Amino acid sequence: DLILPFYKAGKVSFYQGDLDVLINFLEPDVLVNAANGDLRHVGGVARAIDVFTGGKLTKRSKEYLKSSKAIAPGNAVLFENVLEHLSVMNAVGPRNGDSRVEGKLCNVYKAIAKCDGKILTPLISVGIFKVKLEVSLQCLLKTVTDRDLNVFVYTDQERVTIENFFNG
């Protein structure tokens, strides 16, 4: 492997890198999108995924909303094979100060863990939805307990925070 994790907790591996490079080298079947409820794909995760699929994620999203329930926080919807052997799991997390941030976050991870194959995911709700990294991380660890999972972050700071959480 060209790209190796900076931490591994049980079956959960943690990576730092640009999204396109992690997809290319880690070869996921399922990519989790940090979605917003109206599926406008903006931000460091959602725009990068859209672009990687040549705009197909957005095409499928517009199609989806013609006949399908908007995605409420706490839920996720899988678009299968947005590209051949790359499904996008559109996970909509809670925002800081919503009710039941932890229950909704944890439910998102429960949905993510039911997907098939190799999964590559960011930490849901961390960044612009302003949930503390450790709250999202704790829900992930608590919920996805016996399942191979790959988690990515972009910044040095985020990596350190994750390392500090485990190092104590």
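Each residue number is its position in the shown sequence, starting from 1.
>> Per the record, averaged over C-alpha atoms, which has the higher B-factor: 27-35 or 95-103?
In response: Per the PDB record, 95-103.
>> Please compare 66-74 with 42-50 and name the stretch with the higher mean C-alpha B-factor in the deposited structure.
In response: Comparing 66-74 with 42-50, the higher average CA B-factor belongs to 66-74.
> Looking at the C-alpha B-factor of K59, is it in the lowest, middle or highest third of its chain?
Replying inline: It falls in the bottom third of the chain.
> Mind checking which third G127 falls in for C-alpha B-factor across the chain?
Replying inline: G127: CA B-factor falls in the highest third of its chain.
> Against its chain's modelled residues, does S136's Cα B factor rank lowest, middle or highest third?
Replying inline: Answer is middle: the recorded C-alpha B-factor places it there.
>> Quick check for you: using the entry's CA B-factors within this chain, is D18 in the lowest, middle or highest third?
In response: Within its chain, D18 is a middle-third residue by C-alpha B-factor, going by the deposited values.
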